[PDB]
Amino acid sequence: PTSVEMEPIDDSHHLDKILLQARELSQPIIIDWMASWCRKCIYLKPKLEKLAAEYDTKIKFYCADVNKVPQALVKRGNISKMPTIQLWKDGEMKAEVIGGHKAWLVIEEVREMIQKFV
């Protein structure tokens, strides 16, 4: 694939199931914590979906709209800024990247993070 759609996270129970599945596969996941009014979040989406395709079958990518999902789910990420791109593994956040600058450059920093933990 050239692009893979990020899967939305519905709530904290969904995150729990996502992390159980990642554990079964011994894989990390990526979560894009974003907001629909956040212009950089919107511009990052296609670039994240291109990066997700590069990791198809190796790292699943997810997204969560911090205004739409329950507050309890946002608290699981300890989010304070958007977009926040987190790598989780073994049931917890291992590292994150804060966007808020050109999408390509955020992606390269996310790629470095993935290289560290994959």
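In this text, residue numbers run from 1 along the sequence as written.
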**Of 96-104 and 17-25, the stretch whose C-alpha atoms average the higher B-factor in the entry** = 96-104
**Message:** Tell me which stretch has the larger mean Cα B-factor in this entry, 39-47 or 70-78.
**Reply:** 70-78
**Fill in**
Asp65: C-alpha B-factor third of its chain, per the entry, is the middle
**Message:** Can you tell me whether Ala53 has a C-alpha B-factor in the lowest, middle or highest third compared with the other modelled residues of the same chain?
**Reply:** highest
